[PDB]
Structure formats: structure tokens, C-alpha cells
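Throughout, read-outs are computed from the coordinates displayed, never taken from laboratory work. FYI the Cβ positions are ideal-geometry reconstructions off the backbone, even for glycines, and counts take in every protein chain you see.
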Amino acid sequence: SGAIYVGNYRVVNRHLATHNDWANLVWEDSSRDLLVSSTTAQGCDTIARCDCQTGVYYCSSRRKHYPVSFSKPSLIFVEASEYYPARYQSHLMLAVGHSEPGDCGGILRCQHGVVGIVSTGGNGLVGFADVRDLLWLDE
Ligand SMILES: CSc1ccccc1CC(=O)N1CCC[C@](O)(C(N)=O)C1
Ligand SMILES: [Zn+2]
């Protein structure tokens, strides 16, 4: 669990979206595992607008933050699950680090702000869904 709260938006993993998120849907992309819904109260998270490949992520399965080097956003094969058949997820960034299924939603940050949220993992690797390109989150 976990979300990005910026302005009047709530950014979450699409496979963990609630009924309220679908009733207040702004945008969703299955290929990116992202869903953005609207909120009545303001959000104060700052989105990083950058090309950083180092940062820190929150890992709820360990209750610890971890520094990571991560790849550039791209198309990576993600194995079939109860939410998706086997497919390439786009805008995904990989790093060496611990993750477990309940870790989706943990924020990845750099000095510039929020980079994305935990989306995939397995075998000593953790995958992050990038949000830096979603310029409309600020506007
Ligand atoms: C941090 S998730 C994780 C971590 C360690 C081991 C296994 C996982 C599960 C995992 O990767 N997914 C299952 C749910 C759907 C998924 O989020 C997607 N975007 O397709 C992928
Ligand atoms: Zn940055």
C-alpha cells in the first residue's frame, strides 16, 4: 500500500486501486500499472522533474528506507499475476534491493522530489513505476 498526493490528485498502483479511485478516475494505464484519481483535499508531495538514477525508497516489509541506483524508464517483461497476464510494463525502473508484494506503493525519491512508486520485484530486484514524465500532475 501507498500513494502520491500531489495537488488535487492521488497516484496509486492500478492493481491496488479502490472503488473510490475508479469513481473519481482522472487517468489510468494498465501497461504502466498507474491509476490517478481526484481528491477534495490538497496534496503537498513534490514530483521530481529530472533524469536522476540514484535515490531512496521506502520498503514496508523491512520498515526501512534504502538507497538505490536505478535504471532509465523502459519496457521490461513482468511475469503473469492475478491482476495481469504476462506482458511488458512500460516506464519501469529496476534496482538491486529487497521487495515483497505488499511493498507496492512505497515512494522512490531523489534530491529533486518524488520519482515514482514500487510496482514490481523478485530475486533481489525492485521495480519502480516512474511519474516524472506526467507533467500535468503539477498543472
Ligand atoms: C513489489 S511487488 C513484488 C515484489 C517481490 C516479489 C513479487 C512481487 C509481485 C510483483 O512484482 N507483482 C505482482 C502484482 C502485479 C505487479 O505489481 C505488476 N505491476 O504487474 C507485479
Ligand atoms: Zn532527481
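Side notes on the structure shown:
- Spin-label model, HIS15 to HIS112: label points 7 Å out along the Cα-to-beta-carbon direction sit 2.8 nm apart.
- Ranked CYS44, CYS50, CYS104, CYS110, criterion: other C-beta atoms within 10 Å, fewest first: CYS44, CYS50, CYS110, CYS104
- Listed from fewest to most Cβ neighbours within 10 Å, the set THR120, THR40 follows the order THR40, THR120.
- Anisotropy class of segment 45-139 from Cα gyration tensor, a/c 1.5 cut: oblate
- FRET efficiency, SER31 to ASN123 (Cβ-Cβ, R0 25 Å, nearest 0.05): 0.65
- The residue list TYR66, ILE107, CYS50 was ranked by how far each Cα lies along the charge dipole of the chain toward its positive end, using unit charges on Cβ atoms, and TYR66 comes out on top.
- Contour excess over end-to-end distance, with Cα ends at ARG87 and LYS64 and 0.36 nm allotted per residue: 5.3 nm
- Proximity of backbone amide H atoms, modeled 1.01 Å from N, is registered between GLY106 and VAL118 at under 5 Å, excluding neighbours fewer than 5 places apart on the same chain.
- Footprinting exposure proxy ranking of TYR88, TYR57, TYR66, fewest other C-beta atoms within 10 angstrom first, gives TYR88, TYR66, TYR57.
- Think of it as helices only: each DSSP H run of n ≥ 4 in the chain is worth -39500 (n - 2.57), and spread over all residues that comes to -500 deg cm²/dmol at 222 nm.
- Once C-alpha pairs closer than 8 Å and six or more residues apart are averaged by separation and normalised to the residue number of segment 45-139, the relative contact order reads 29 percent.
- Whole-Hz ³J(HN,Hα) from phi, Karplus 6.51 cos²θ - 1.76 cosθ + 1.60, for segment 68-73, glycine and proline x: 9, 9, 9, 6, 6, x
- For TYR58, net neighbour charge (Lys/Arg +1, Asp/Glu -1) across residues whose Cβ lies under 12 Å away: +3
- Additional length obtainable on full extension of the chain from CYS52 to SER71, 0.36 nm per residue less Cα span: 5.9 nm
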